[PDB]
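Next up: just one chain, as structure tokens, the form deposited in one PDB entry.
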């Protein structure tokens, strides 16, 4: 029965799978602390899991001193947390850079866990260097090599100061970190992210860590049954929180595209010209703009999904067996937009205009082979246990995980 530290930065989507894993870890008789940004305190605590606040929230970047100070905050807060708590095991989204150095100082076993390519492989490029066209396998490998160096070199001077000064460790570099040695749980279906032949033993694709009582609004219920009463196709369009140039026009392109495809649309609109509104133009009858409605509830009820293509939302739509249209913006999204096309369960849009979307909506809602493949994915995903498999691995790898950490010590 171990004291666990689940550390991640970013969005609610990133926090969530650790809540899932954290519950399963608790049901195994362990203790869990999710360590993340203040806004997710209620979220985490409402699932009877412990919270610890940390800085380095990415939304504060989207707003070089600011960055240099942004990193500093995360380094000092996460240390203060992990050092006060003295966790047995730490599991980290590598995005938050701290865990490998903290676990070296605290001399505890350490895992990484993520939702997008972040280990060296010829079979996938790095998530943040996904090319336009599938280039070579050697291209792929190199994009990791590049990213590892670029991502390190950008923070190396500061982390090594924090290591020396605050952690009481030597300086280090990528060679000495030996980051690829660290056991890595990819919380993604191996249907969409099949492990490469050149993955090390300690790198595992666990399956998605899904969460698992929604009381629909009357508006939503009657909007669904209207779409169904008419014999029209029902679609979800939602790109999350993005900043755009002319929100009113994008909304109009949506409305236009929806109309041309004759679908009803459940719209999770969250695009503006600032970072934090919704309405713009008068929404037509056949388009319901609603806030958050859990996707695990909504995706079973609809015919297709149009989203930004983040791993979790991709995972949700694939889990529900939806044909999925993806319009990626930042990061992994481009990875999954390519992956959905490769698998044959959807469309990747580059241009978001009324025409491309209208045509995507028509293909996705009609194409029999796409519905079929979405179904065969839904079947594979349904027989997968991300949480179990992960915990199994956390156990299998635990002794190794220690030796990796202790190789860095001294």
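Numbering follows the first chain given and starts at 1.
One more form of this protein should be noted, the form solved in complex with a small molecule, which is absent from this view; the next part is about it.
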### Query
Using heavy atoms and a 4.5 Å limit, would one call residue 300 a contact residue for the small molecule in the bound PDB entry?
no
### Task
Determine whether any heavy atom of residue 294 comes within 4.5 Å of a heavy atom of the small molecule in the bound PDB entry, and answer yes or no.
yes
### Message
Residue-level question: is residue 332 within 4.5 Å of the small molecule in the bound PDB entry, judged on heavy atoms?
### Response
yes
### Query
Should residue 189 be counted as a contact of the small molecule in the bound PDB entry, where contact means heavy atoms within 4.5 Å?
no
### Query
Check 56, 98 and 178: does every one of them have a heavy atom within 4.5 Å of the small molecule in the bound PDB entry?
no
### Query
Counting only non-hydrogen atoms, which stretch in 245-253, 169-177, 224-232, 308-316 is within 4.5 Å of the small molecule in the bound PDB entry?
308-316
### Query
Which residue among 206, 140, 115, 119 has a heavy atom within 4.5 angstroms of the small molecule in the bound PDB entry?
115
### Task
Identify which of 268, 286, 156, 76 has a heavy atom within 4.5 Å of the small molecule in the bound PDB entry; exactly one of them does.
268
